[PDB]
Structure formats: C-alpha cells, structure tokens
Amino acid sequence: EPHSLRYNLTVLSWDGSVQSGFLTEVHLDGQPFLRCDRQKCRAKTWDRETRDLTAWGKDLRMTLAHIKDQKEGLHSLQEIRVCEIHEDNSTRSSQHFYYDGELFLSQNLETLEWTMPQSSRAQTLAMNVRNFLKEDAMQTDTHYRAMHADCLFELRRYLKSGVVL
C-alpha cells in the first residue's frame, strides 16, 4: 500500500487568448479528493490549498502564453505533479506536462532529469517550455527540489492529520 498524492492543474486558451480560470483535480491514494478552481476548493475549509494552487495556476497561465501555436481554436496546457511514499520509506516523484492531452515533457524529481519525447513535433513544445522555465521563470534545481519536498510535505500532512480514514 503505497500512499500517493497527485495534482492536475489545467489552463485553457481560445485563439491565443488564455482564459482567466483554471481547474485543479487532486487524487489522494488513487481516490478523488479535491476539485478546485481559482475561487475555491470543494472536497469530492481548504484555504491553504486554495492559496497554493491559485499561485501555481497563475504561473501556468504565463507558461501557456509563451506557447505560440499556429493552430487556432482550443488549446490546453496541463501540468501534473505526483509523489509517493512506499512501505520501505523511499519516495517517488515527478512533474509532467500535457498539451492538448498529449504528454510532451516530464521530469523525475528524485534525479532532476528531464525526459524528452520521441517526435520532433513534441520536442518543439518541450524546448519552448524548458526555455520559458529556465530564462523567463528563472527556475534553478532548488525550485525543483522544493517542488519535490512540497509534494511529500503535503502527503505526510494529509496522512498525519487523519485524512485517509
């Protein structure tokens, strides 16, 4: 029985114009747990989770704004963040990006290495995001080690406060 925590932040844009709202889907140990938007979180008082996820949503909006696509109409950027705690006290964790539902960029947060996809069409999306994250967002390894630590910190908080019972 590995305990797991998984966030799914989603932003949308129509004809280049990125929408103001975003939806977060959180899964705790596989089962659904929280469904948030910018305004509030509902359990499927959550003020800490609202504050944390809104800040993330804002940053992801800016990310999508730097993905200048030729295709008109609907476009969606989704960032997944997942972590685990195994029985032997070892951790797994990763950060994944989907564009229009298709996985284009992943990072193993144990090793801080990026996994690039196969097609050069997908590599174009990835190096756009990585350029944004490195130069515009200005994220070092520290940011990613903090990201790793934040996911594990919340999971241990949700176990310790008795939210799997």
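Note that residue numbering follows the sequence shown and begins at 1.
Handout entry: Unresolved deposited residues lying between neighbours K44 and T45
Key = Unmodelled stretch: 10 or more residues.
Report task. Determine, for stretches 112 to 120 and 54 to 62, which one has the higher mean CA B-factor as deposited. Result -> Mean CA B-factor is higher for 112 to 120.
Entry-level comparison of average CA B-factors, 101 to 109 and 27 to 35, reporting the higher stretch: Result: 27 to 35.
Taking the C-alpha B-factors as the PDB entry records them, is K68 in the lowest, middle or highest third of its chain? It falls in the middle third of the chain.
Entry-reported Cα temperature factor of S93, expressed as the chain third it lands in | For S93, whose C-alpha B-factor we compare with every modelled residue in the chain, the answer is the middle third.
| Chain-wide C-alpha B factor ranking for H75, given as lowest, middle or highest third | Middle third of the chain for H75's C-alpha B-factor.
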